[PDB]
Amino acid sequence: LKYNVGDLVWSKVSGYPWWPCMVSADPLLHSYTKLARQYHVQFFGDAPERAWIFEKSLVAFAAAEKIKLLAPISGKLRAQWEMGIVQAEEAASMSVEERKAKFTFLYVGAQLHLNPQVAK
């Protein structure tokens, strides 16, 4: 396995630029990887987005030399992407256990929430 929970990656989703995220356990399935291999990630930004991504569409954040990193220009997506970058940079400066406690999304009822530390 190339990744574990808490690892910072860039993931490519169709219709989006390469986005900063953190490998995490799917809070419904209780698993972070499965079978080609997939990994569950949460996307840094202003909304609690998550997804199962194939390993070919993931690379470490901070194989990595072969991808083309392109930043969004469109205002709305760019500001969300910049928020994700600021958060992934702060997470990169912390230990794996500190970033799991600070950035892991929380289910409150059936509603997926940003980690209250991030929300505040």
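Numbering starts at 1 and follows the sequence shown.
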item	value
Count class of deposited residues lacking coordinates, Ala62 to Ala63	10 or more
Missing residues, deposited sequence, between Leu35 and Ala36 (class: none, 1 to 3, 4 to 9, 10 or more)	4 to 9
110-118 versus 2-10 - greater average Cα B-factor per the deposited record	110-118
Residue stretch of maximal mean CA temperature factor, 18-26 vs 95-103	95-103
Residue selected from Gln80, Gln42, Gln87, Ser74 by maximal Cα B factor	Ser74
Chain thirds of CA B-factor: placement of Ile67	highest
